[PDB]
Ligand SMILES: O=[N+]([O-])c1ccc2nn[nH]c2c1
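Next up: just one chain, as structure tokens, the form deposited without this ligand.
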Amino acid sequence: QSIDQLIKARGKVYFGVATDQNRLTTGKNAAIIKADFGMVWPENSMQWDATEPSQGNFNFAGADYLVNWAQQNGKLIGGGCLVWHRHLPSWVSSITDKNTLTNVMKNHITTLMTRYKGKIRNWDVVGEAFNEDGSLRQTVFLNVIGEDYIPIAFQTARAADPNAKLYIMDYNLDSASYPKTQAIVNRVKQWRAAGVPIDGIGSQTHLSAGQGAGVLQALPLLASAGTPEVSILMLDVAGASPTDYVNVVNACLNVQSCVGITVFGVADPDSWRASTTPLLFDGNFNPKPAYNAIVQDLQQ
């Protein structure tokens, strides 16, 4: 049974997955995505080092492949991450002039979003902007532009494609009593009160065994920032316990503004932490107990 169909029947938008061209041409990934998932995200093909490896000179072949495949197969598309420190070519992080970096950042945002205008439901505009203690992470963007880089990024994105839902994303937002969770709420409330067009908070949910239960309290806390949407992004769970996965799904169901869940790949051997077997399909592309538990939870 399709978990995307079942989550749509419960009033949500999607159950999605990260993928890219060489996943769609190998394994059983394309067949599983066609049958069971409703949204695709680029695993790597829209990151900055993949798309703008020298200034103004874009690499779109990989991203175009994904967008085309999704349109042919009737899937929604997400995109990201537009502004991020972790996937950033050296030419960017070596700029020291505020005006120049602002224009580089706006050109990167506008070029990607314009190319796919109207085709992308969600964009992750800014990612991993917070330290664990809730202060802003001192990346090249913060150091050179200042905290205004976040408002500027979102304003620029809204102008490039008004159809898209604009997200900030981060990880370690999985516990309601962890400082980073309340900090992103505090700052997103302030930014929205200043008119910054942040439509969503995306929680990049990488859990250890037993941590699913805490998402039931963390996700409603994230929703208290008042964004129109929240999502669970790039979900995986070490051990892939049915209990952990069902708890995350039920947190989504319990939060009215949570539109859906994306998992960080199809099958365990293709995970960035494969030894923890953290996904919903095994190395032979069979659905694991957690997959079947999600099916039953969405019916029950």
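In case it trips you up, residue 1 is the first one in the sequence shown, and so on.
Note that the form deposited with this ligand bound isn't included here; everything after this is about it.
**Student:** Three or more ligand atoms within 2.4 Å of backbone or C-beta counts as blocked, none as open; so place this ligand from its pose in the deposited complex by superposing the site C-alphas and call it.
**Tutor:** After superposition, this ligand sits free of the main chain and C-betas, so open.
**Student:** Would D174, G210 and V248 all count as contacting this ligand in the deposited complex, using a 4.5 Å heavy atom cut-off?
**Tutor:** Not one of the three qualifies.
**Student:** Okay, which stretch from 218-226, 75-83, 190-198, 105-113 lines this ligand in the deposited complex, with non-hydrogen atoms inside 4.5 Å?
**Tutor:** Every other range fails; the passing one is 75-83.
**Student:** Test of understanding: in the deposited complex, would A18 fall inside 4.5 Å of this ligand by heavy atoms?
**Tutor:** Yes, contact at 4.5 Å.
**Student:** So in the deposited complex, does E43 come within 4.5 Å of this ligand, heavy atom to heavy atom?
**Tutor:** Contact with this ligand, yes.
**Student:** Against this ligand in the deposited complex, would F37 count as a contact residue? Criterion: heavy atoms within 4.5 Å.
**Tutor:** Contact check for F37: no, nothing within 4.5 Å of this ligand in the deposited complex.
**Student:** Applying a 4.5 Å heavy atom distance criterion, does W69 contact this ligand in the deposited complex?
**Tutor:** The answer is no: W69 has no heavy atom within 4.5 Å of this ligand.
**Student:** At 4.5 Å, heavy atom to heavy atom, what parts of 148-169 sit next to this ligand in the deposited complex? List them in sequence order, or say none.
**Tutor:** The one in contact is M169.
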